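J.: Attaching a single structure in structure tokens format; questions to follow.
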Amino acid sequence: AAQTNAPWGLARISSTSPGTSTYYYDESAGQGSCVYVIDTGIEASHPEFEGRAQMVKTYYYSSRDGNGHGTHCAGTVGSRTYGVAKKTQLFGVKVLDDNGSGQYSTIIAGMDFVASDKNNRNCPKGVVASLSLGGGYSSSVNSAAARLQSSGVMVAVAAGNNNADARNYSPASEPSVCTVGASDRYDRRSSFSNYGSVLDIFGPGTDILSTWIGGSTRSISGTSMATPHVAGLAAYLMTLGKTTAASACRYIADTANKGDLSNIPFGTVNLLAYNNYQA
Ligand SMILES: [Ca+2]
């Protein structure tokens with residue numbers, strides 16, 4: 001399948017060179033996989049989700065996304081026009097309030113919730129969790145991410161936006177999950193992206209068009225926007241049978257475009273997520 005005039009980040013993950021505008025992907029498109037988006041919520045009624053999104057848990061007064069961030073990230077995972085895995089099932093867990101903030105105890109509870117809830121859902125091709133959030137180092141937050149991964153869920157987390165070593169941030173610094181940095185459309189490390197030895201992979205993160213609340217769209221930037229490209233890619237590859245939740249981060253790194261990014265400090269991987277699609 002081919003989507004013409006795609007957002008640049010989708011085109012980039014299906015190309016060995018920057019500057020293309022078509023997203024090439026297998027028609028299976030993540031069908032049969034499930035992705036939990038742990039964030040401010042998802043506007044499940046947005047036409048771009050085609051009925052494939054639902055909220056399953058909130059830690060606040062409402063399950064509505066009053067912010068937009070969670071709806072944007074979910075759109076990059078799996079909306080029709082803006083998504084990597086266009087036929088996946090999306091589940092929303094609202095651990096952040098409508099200002100985008102949340103306490104670590106709530107974020108931990110939401111991770112433990114997903115590890116249990118996936119046993120009630122029909123996800124025959126596997127389960128992914130996308131965490132476009134973080135803060136300062138916490139061993140308890142890292143431990144919760146490690147538990148979620150151990151339970152059989154592919155966990156992708158944002159590296160953070162401080163132009164610093166991600167070893168000082170959580171859950172970015174948990175080695176056993178998939179920690180995602182951001183790049184821009186000229187194959188530079190995004191100027192805000194964290195770096196360091198704990199990063200596993202880069203994905204598109206600057207000027208990313210996706211869904212927004214009120215049935216709208218907008219473009220924003222962050223490692224929050226790179227993470228759902230990798231979460232969606234994992235769901236897509238698990239549906240194709242190429243990898244499993246336990247090994248998907250390693251598989252994505254092994255099959256990435258290697259050495260193409262600029263402004264990568266010594267000691268950080270130079271690997272850009274790539275779907276390897278051949279018609
Ligand atoms: Ca890792």
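All residue names refer to the structure tokens as shown: chains lettered A, B, ... in order, residues numbered from 1 in each chain, ligands numbered from 1 in order.
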Name each residue within 8 Å of ligand 1, counting only C-alpha atoms and all ligand atoms, as a list in words.
T.: residues 174, 175, 176, 177, 178, 179, 198, 199, 200 and 249 of chain A
J.: I need the residues of range 2-165 of chain A that end up classed as strand (DSSP E or B) by DSSP on the backbone, written out as a PyMOL selection string.
T.: chain A and resi 2-3+23-24+33-39+53-58+89-94+126-131+135-136+154-158+165
J.: Which residues come within 7 Å of residue 273 in chain A, counting only C-alpha atoms, excluding same-chain residues fewer than 5 positions away, as a list in words?
T.: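 Here the qualifying residues turn out to be residues 13, 201, 202, 203, 230, 252, 256 and 257 of chain A.
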J.: Restricting it to C-alpha atoms, dump the selection as a PDB file, in the first residue's frame.
T.:
ATOM      1  CA  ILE A  13      10.144   5.510   8.373  1.00  0.00           C
ATOM      2  CA  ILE A 201      16.380   4.283  18.621  1.00  0.00           C
ATOM      3  CA  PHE A 202      15.408   7.607  17.032  1.00  0.00           C
ATOM      4  CA  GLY A 203      12.155   8.439  15.294  1.00  0.00           C
ATOM      5  CA  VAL A 230       8.161   3.505  17.270  1.00  0.00           C
ATOM      6  CA  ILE A 252      13.764  -2.340  15.317  1.00  0.00           C
ATOM      7  CA  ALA A 256      17.104   0.501  11.420  1.00  0.00           C
ATOM      8  CA  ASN A 257      18.741   2.917   9.014  1.00  0.00           C
TER       9      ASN A 257
END
J.: Identify, on the basis of only C-alpha atoms, every residue whose closest approach to residue 103 in chain A does not exceed 12 Å; exclude the query and any residue fewer than 3 positions from it along the same chain; express the result as a PyMOL selection string.
T.: chain A and resi 59-60+95-97+100+106-110+133-136+138+141
J.: Mind writing the picked residues with N, CA, C and O atoms as a tab-separated table (two decimals), in the first residue's frame?
T.:
chain	number	residue	atom	x	y	z
A	59	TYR	N	-7.78	8.35	35.81
A	59	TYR	CA	-7.44	8.61	37.20
A	59	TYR	C	-7.90	9.99	37.63
A	59	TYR	O	-7.51	10.47	38.71
A	60	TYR	N	-8.75	10.64	36.82
A	60	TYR	CA	-9.29	11.94	37.14
A	60	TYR	C	-10.81	11.94	37.02
A	60	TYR	O	-11.43	10.87	36.91
A	95	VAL	N	-3.55	9.09	32.66
A	95	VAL	CA	-2.76	9.31	33.88
A	95	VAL	C	-2.30	10.75	34.01
A	95	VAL	O	-1.77	11.12	35.09
A	96	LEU	N	-2.45	11.57	32.97
A	96	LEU	CA	-2.07	12.99	33.05
A	96	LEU	C	-3.32	13.84	33.07
A	96	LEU	O	-4.28	13.55	32.34
A	97	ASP	N	-3.28	14.93	33.84
A	97	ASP	CA	-4.44	15.83	33.90
A	97	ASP	C	-4.47	16.71	32.64
A	97	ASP	O	-3.66	16.55	31.71
A	100	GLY	N	-1.50	18.45	31.41
A	100	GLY	CA	-0.36	17.66	31.01
A	100	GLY	C	0.49	17.16	32.14
A	100	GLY	O	1.58	16.64	31.88
A	106	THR	N	0.41	8.02	40.30
A	106	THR	CA	-0.65	7.78	39.34
A	106	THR	C	-0.10	7.15	38.06
A	106	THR	O	-0.72	6.26	37.46
A	107	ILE	N	1.07	7.62	37.62
A	107	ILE	CA	1.67	7.07	36.41
A	107	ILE	C	2.03	5.60	36.63
A	107	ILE	O	1.80	4.74	35.77
A	108	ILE	N	2.56	5.28	37.82
A	108	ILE	CA	2.86	3.89	38.17
A	108	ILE	C	1.59	3.05	38.17
A	108	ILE	O	1.55	1.96	37.61
A	109	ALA	N	0.52	3.56	38.79
A	109	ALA	CA	-0.73	2.78	38.81
A	109	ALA	C	-1.24	2.49	37.41
A	109	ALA	O	-1.75	1.38	37.14
A	110	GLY	N	-1.12	3.45	36.51
A	110	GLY	CA	-1.57	3.25	35.14
A	110	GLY	C	-0.76	2.19	34.42
A	110	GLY	O	-1.32	1.44	33.63
A	133	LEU	N	5.91	10.63	28.16
A	133	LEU	CA	5.92	11.37	29.41
A	133	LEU	C	7.21	11.04	30.15
A	133	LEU	O	7.94	10.10	29.82
A	134	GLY	N	7.49	11.84	31.18
A	134	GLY	CA	8.59	11.52	32.05
A	134	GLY	C	8.91	12.71	32.92
A	134	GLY	O	8.35	13.81	32.77
A	135	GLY	N	9.86	12.49	33.79
A	135	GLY	CA	10.33	13.51	34.70
A	135	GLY	C	11.68	13.09	35.26
A	135	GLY	O	12.38	12.27	34.66
A	136	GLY	N	12.03	13.64	36.41
A	136	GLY	CA	13.32	13.30	37.00
A	136	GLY	C	13.40	11.84	37.43
A	136	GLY	O	12.38	11.16	37.62
A	138	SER	N	13.49	8.35	39.00
A	138	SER	CA	12.79	7.67	40.09
A	138	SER	C	12.96	6.17	39.88
A	138	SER	O	12.55	5.64	38.84
A	141	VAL	N	9.49	4.50	39.37
A	141	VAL	CA	8.90	4.65	38.04
A	141	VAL	C	9.61	3.72	37.07
A	141	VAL	O	8.97	3.06	36.27
J.: Could you check which of A:93, A:53, A:1, A:35 is closest to residue 232 in chain A, using only C-alpha atoms?
T.: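 Nearest candidate to residue 232 in chain A out of A:93, A:53, A:1, A:35: A:35.
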J.: From the options A:68, A:267, A:83, A:51, which residue's atoms come nearest to residue 6 in chain A, counting only C-alpha atoms?
T.: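 Smallest distance to residue 6 in chain A is found for A:83.
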